[PDB]
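# Secondary and tertiary structure notes
Here's the letter readout for the chains.
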Protein chains: 2
Amino acid sequence: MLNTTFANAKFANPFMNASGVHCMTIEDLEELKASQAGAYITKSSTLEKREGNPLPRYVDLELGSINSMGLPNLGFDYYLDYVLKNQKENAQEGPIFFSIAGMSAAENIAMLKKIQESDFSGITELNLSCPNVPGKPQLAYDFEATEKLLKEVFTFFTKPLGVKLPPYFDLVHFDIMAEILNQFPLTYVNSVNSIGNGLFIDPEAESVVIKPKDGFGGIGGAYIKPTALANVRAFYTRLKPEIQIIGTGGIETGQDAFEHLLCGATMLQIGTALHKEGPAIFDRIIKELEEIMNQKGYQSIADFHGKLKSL
Amino acid sequence: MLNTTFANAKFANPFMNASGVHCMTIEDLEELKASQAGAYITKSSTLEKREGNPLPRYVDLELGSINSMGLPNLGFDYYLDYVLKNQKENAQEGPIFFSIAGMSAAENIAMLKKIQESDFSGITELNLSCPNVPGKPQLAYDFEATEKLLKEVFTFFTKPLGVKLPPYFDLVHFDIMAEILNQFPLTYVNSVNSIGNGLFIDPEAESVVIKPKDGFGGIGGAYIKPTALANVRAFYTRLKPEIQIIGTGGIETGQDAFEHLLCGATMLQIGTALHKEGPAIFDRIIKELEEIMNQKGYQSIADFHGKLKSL
Ligand SMILES: Cc1cc2nc3c(=O)[nH]c(=O)nc-3n(C[C@H](O)[C@H](O)[C@H](O)COP(=O)(O)O)c2cc1C
Ligand SMILES: Cc1cc2nc3c(=O)[nH]c(=O)nc-3n(C[C@H](O)[C@H](O)[C@H](O)COP(=O)(O)O)c2cc1C
Ligand SMILES: O=C(O)c1cc(=O)[nH]c(=O)[nH]1
Ligand SMILES: O=C(O)c1cc(=O)[nH]c(=O)[nH]1
């Protein structure tokens, strides 16, 4: 009953891994292909292979997680060859998602041009919100820079493209962003990336828990659900219907999934919870969501999608 | 052992209520004066009395709270008369804090001029981050507007002034803000106000839980501690030492208090937890902090203040 239509493709269910979790190597990706996930996405890549930030750079917290990975990835070519090889073997229904996070506008355009030139027929996600690279601010918090990049990208990119956005906290920002985004033939927006630059402390040791950037890292998990839902909902009511939404943030039970769909998300990505539980999470959460739908007498996501009621 | 020096005043301990919680009427304020709080602050006021947003506008959540009060307050004059009367009866060691949140720059300057002209000898907090008034964005997210207001305020205001700031999530924003703030004779900065425009959902009813703004409201409590600590720490390492810091956000145990002090906060404000527990919380949290200090062999806050270690 979780059949979903997104970017003109049909998926068995709306669940995916969030970029960066369980998708670094071909082995990780194969494990995702073998799981019950409806679709999957690669780790955000750069032109060059990156080792990332020094350890420890990820810590499981009682209410979520904190990380400052620093974009460790095997390089753009590694991921491109893998998705191209995978396209030939039609052993999967639905396109694969490819995430890119260039350190500069130039690097992003270069990767997008290569994707445009290749035979890749999947979906591309442009990450405009990595908050863990020292000296690099989040592009998506600079509205003018974001619009300029997108204008240039759409002068040549014709394949499906979505953007991974950082969370916004003021309604006017949603208004400004929606207006910038609505002028482009974007396939989707994915809200949200981790809440940037939080801090977690070990009181006994009187120190931070991660090595990079003096302990400042992205926050994910239960801590961010209220912000994640707000972002999905705020964009759902402002974006032209042609642009769909992927909801990411604080999803760990079928109920969390239900809340994102009610707000208007079409596909759902699981980060922190997947990192803690492994690919078996997809099996569990699908059962939990179906159970919720059964109790309410819903037979398809279209029955309640985007139908959040106001008081 | 919690004796504190802030804005050249001595306080018995660093604890205060956060503006907006338990400080709406004279009766609330008298209860704060009677508690173990080291100091207290009034509800942010406007020139005219305001009823606020429609109910329900505040909900206790398992991990914090969500609210869209809409600045309900008894008006500037009501609070001014009360603090002035209170100044005459020296039945309290340490100044009282007065919070103002004008709906426009003009309204703020008007209130500040009245405070400047009066005999008020306490501390003023300028709220530049109310996220619950429909149609009014947060002034502190507009750097240019914030600097212009402060330039004008300091051409006449000579009494102690602090600013209540919204949380920031990109290091460059801390850099830009610290540079704007460092040019003024500010007494302090208070980080942080609630995380703006989050959303909480009742899955059974399939609706939002607060009436104003379609359910979007400020988030406080456990959800926001990582962001609160990051904001206190980021400003502590960038502001000139003359400007002290009040840490607000996610404080509910002595340990939470300890973490804020370790980051560099001097005074501490309790919002959500005080709203849930009542003024008795001060008595509890003071004992908890002292216990932590005892176990570590600390006899004063100066022993570990701002001493958070990096890895
Ligand atoms: C270990 C880790 C690495 C991440 N790396 C990426 C990444 O490469 N690209 C990206 O767009 N987001 C990345 N994120 C952020 C997520 O994809 C997701 O937006 C976030 O964690 C919020 O969801 P969650 O609450 O389920 O964790 C990462 C998150 C974590 C926990
Ligand atoms: C019911 C409520 C009303 C609030 N009203 C104000 C207010 O008038 N002025 C202000 O500066 N902050 C206001 N806040 C925000 C806080 O003072 C504090 O910054 C926030 O709640 C974060 O702290 P906490 O995690 O302890 O709640 C309010 C918070 C709540 C819960
Ligand atoms: O690789 C990382 O550090 C990273 C990238 C990103 O976009 N988001 C995140 O939380 N981590
Ligand atoms: O009165 C309110 O709604 C209010 C004001 C403010 O500054 N912060 C908050 O959380 N609530």
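Method-wise, the PDB entry is recorded as coming from X-ray crystallography, at a reported resolution of 2.00 Å.

### Quick notes on the environment of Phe184 of chain A
Residues and elements named next belong to chain A. Here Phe184 shows up in the loop between α5 (171–181) and β9 (188–191). Relative accessible area serves as the criterion here: at 6%, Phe184 is assigned to the buried category. Beyond its immediate sequence surroundings of up to four residues, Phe184 is in contact with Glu147, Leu150, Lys151, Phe154, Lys240 and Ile243.

### Things to note about helix α5 (residues 171–181) of chain B
All names here are of chain B. Every buried residue of α5 is accounted for by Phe174, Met177, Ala178, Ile180 and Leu181. Relative to the axis of α5, the buried residues are bounded by an arc of 160 degrees and lie together on one face. Here the buried face of α5 lies against α4 (143–153), β8 (161–165), β9 (188–191) and α6 (225–236). At the N-terminal end of α5, a side-chain oxygen is found 3.1 Å from the backbone nitrogen of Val172, two or three residues along, and the residue is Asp170.

### Focus on the interface of chain A and chain B
Counting residues at the interface gives 49 residues for chain A, matched by 49 residues for chain B. A combined buried area of about 4,300 Å² lies between chain A and chain B, and 65% of that area is made up of carbon and sulfur atoms. Among the residues chain A hides against chain B, the three largest losses belong to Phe169, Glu206 and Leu311 of chain A. Together they make up 18% of the total. Remark: the boundary between chain A and chain B carries two salt bridges. Put simply, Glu206 of chain A and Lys296 of chain B hold a salt bridge, and the shortest N to O gap is 2.7 Å. At the surface where chain A touches chain B, the tally comes to 26 residue pairs in polar contact. If you list the elements that add at least two residues to the side of chain A that touches chain B, you get α5, β10 (195–199), β12 (207–208), β13 (216–220), α6 (225–236) and α7 (254–263) of chain A. Per-element tally for the side of chain A that touches chain B: the top contributor is α6 of chain A, with six residues. Here the residues of the side of chain A that touches chain B are counted per class, giving 29 nonpolar, nine polar and eleven charged.

### Here's the deal with the relation of the copies chain A and chain B
Superposing chain A onto chain B requires a rotation of 180 degrees together with a translation of 0.0 Å along the rotation axis, leaving an RMSD of 0.0 Å. A rotation of that kind, with that shift, is consistent with a two-fold axis. Taking C-alpha positions as the reference, the residue of chain A nearest the rotation axis is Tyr223 of chain A, at 2.4 Å. Comparing interface residues between copies, 100% of those in chain A also lie at the interface in chain B; the contact surface is shared.

### Concerning the domain arrangement of chain A
Think of interface size as the accessible area that goes away when the parts come together; that is how it is often given. Residue and element names in this part refer to chain A. Here chain A is partitioned into domain 1 (1–52 + 71–194 + 221–311) and domain 2 (53–70 + 195–220). Distance between the C-alpha centres of domain 1 and domain 2: 23 Å. Each side of the interface is counted separately: domain 1 has 21 residues, and domain 2 has 22 residues. Interface area for domain 1 against domain 2, summed over the two sides, is near 1,700 Å², with a carbon-plus-sulfur share of 56%. Applying the counting criterion to the domain 1 and domain 2 interface returns zero salt bridges. Inspection of the region where domain 1 meets domain 2 yields twelve residue pairs in polar contact. Ranked by residue count, the leading element in the side of domain 1 that touches domain 2 is helix α8 (residues 272–277), at three residues. The residue inventory of the side of domain 1 that touches domain 2, partitioned by class, reads eight nonpolar, nine polar and four charged.

### A few points about the packing of aromatic side chains
Aromatic ring pairs: the centre-centre distance and the angle between the two ring planes describe each pair. Under the counting rule described, the total for this entry stands at 33 aromatic pairs over all chains. Pairing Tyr168 of chain B with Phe235 of chain B gives two aromatic rings, centres 6.1 Å apart and planes at 75 degrees, and the pair type is edge-to-face. Of this pair, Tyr168 of chain B sits in the loop between β8 and α5 while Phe235 of chain B is found in helix α6, placing the two residues 67 residues apart along the sequence. The pair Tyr168 of chain B / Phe235 of chain B is uniform in exposure class, with both members buried. Counting every residue linked through ring pairs, the aromatic cluster contains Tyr141, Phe143, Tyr168, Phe174 and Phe235 of chain A. Note that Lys113 of chain A overlies the ring of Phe156 of chain A, its terminal NZ or CZ placed 5.6 Å from the centroid.

### Considering the site of ligand 3
All names here are of chain A. The immediate surroundings of ligand 3 are formed by 13 residues, with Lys43, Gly70, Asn127, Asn193 and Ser194 found nearest. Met69 has a polar backbone atom sitting 3.1 Å from an oxygen atom of ligand 3. The contact in question runs from an oxygen atom of ligand 3 to an N or O atom on the side chain of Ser194, over 2.8 Å. Calculation on ligand 3 without its partners gives an accessible area of 300 Å², and the protein chains cover 90% of this total.

### Some thoughts on the pattern of salt bridges
Residue and element names in this part refer to chain A. Taken as a whole and assessed by the stated rule, the structure comprises 18 salt bridges over all chains. In this structure, the salt-bridge partner of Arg284 is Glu288, at a minimum N-O distance of 2.9 Å. One end of the pair is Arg284 and the other is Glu288, both in helix α9 (residues 281–296) and four residues apart, which spans about a single turn. In this structure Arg284 comes out as partly exposed when scored by relative accessible area, which is 24%.

### Thoughts on helix α2 (residues 76–88) of chain A
Between its terminal C-alpha atoms α2 of chain A stretches 19 Å, which fits the 18 Å expected from 13 residues at 1.5 Å a residue. Next to the buried residues of α2 of chain A lie α1 (26–34), β6 (97–100) and α3 (105–117) of chain A.

### What about the sheet that holds strand β15 (residues 267–270) of chain A?
All names here are of chain A. Read from one edge to the other, the open sheet built from seven strands follows the order β3-β15-β14-β9-β8-β7-β6, with strand pairing classed as parallel. Taken across any chain shown, the strands that pair with only one partner, and hence form the sheet edges, are β3 (15–17) and β6. Averaged over all adjacent pairs, the angle separating strand axes in this sheet is 25 degrees, with direction ignored. In terms of strand pairing, β9 meets strand β14 (residues 244–248) through four bridges, oriented parallel. In the sheet register, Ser191 faces β14, and the bridge partner there is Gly247. Relative to β14, α6 is tilted by about 175 degrees, and along the sheet it contacts β8 (161–165), β9 and β14. In the packing of α7 onto the sheet, the strands contacted are β3, β14 and β15, and the crossing angle to β15 comes to about 140 degrees.

### Quick notes on the sheet that holds strand β4 (residues 58–61) of chain B
In spatial order, the strands read β4-β5-β13-β10 (chain B); together these four strands make up an open sheet with antiparallel pairing. If you trace the sheet from one side to the other, it starts and ends with β4 and β10 (195–199) of chain B, each paired once. On average, each strand axis in the sheet is tilted by 35 degrees relative to the strand beside it, whichever way the strands run. Pairing between β4 of chain B and strand β5 (residues 64–67) of chain B: four bridges, direction antiparallel. Along β5 of chain B, the bridge assignment pairs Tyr58 of chain B with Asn67 of chain B. Taken strand by strand, α6 of chain A contacts β10 and β13 (216–220) of chain B, and its axis lies near 75 degrees from that of β10 of chain B.

What counts and what doesn't
- Residues numbered from 1 in each chain as written, not as in the entry; some residues may be left out.
- Chains lettered and ligands numbered in written order.
- Heavy atoms only, no water.
- Helix = DSSP H or I, 4+ residues; strand = E, 2+ residues; numbered from the N terminus.
- Buried < 20%, exposed > 50% of the residue type's maximum accessible area, 1.4 Å probe, protein only.
- Contact = heavy atoms within 4.5 Å.
- Arc of directions from axis to C-beta.
- Polar contact = N/O pair within 3.5 Å; in protein donor to acceptor, adjacent residues only side chain to side chain.
- Buried area = accessible area lost by both parts, 1.4 Å probe.
- Salt bridge = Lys/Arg side-chain N within 4 Å of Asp/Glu carboxyl O.
- Nonpolar A, V, L, I, M, F, W, Y, C, P; charged D, E, K, R; others polar.
- Least-squares fit on C-alpha atoms.
- Domains from an automatic or database assignment.
- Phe/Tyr/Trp six-rings, centres within 6.5 Å; stacked < 30°, edge-to-face > 60°.
- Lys NZ or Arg CZ within 6 Å of the ring centre and 35° of its normal.
- Near = heavy atom within 4 Å.
- Areas by Shrake-Rupley, 256 points an atom, 1.4 Å probe, with all protein chains shown as cover.
- Expected span 1.5 Å × (residues − 1).
- Pairing = 2+ DSSP bridges.
- Axes fitted to C-alpha atoms, helices over the stretch in contact; angles between N-to-C directions.

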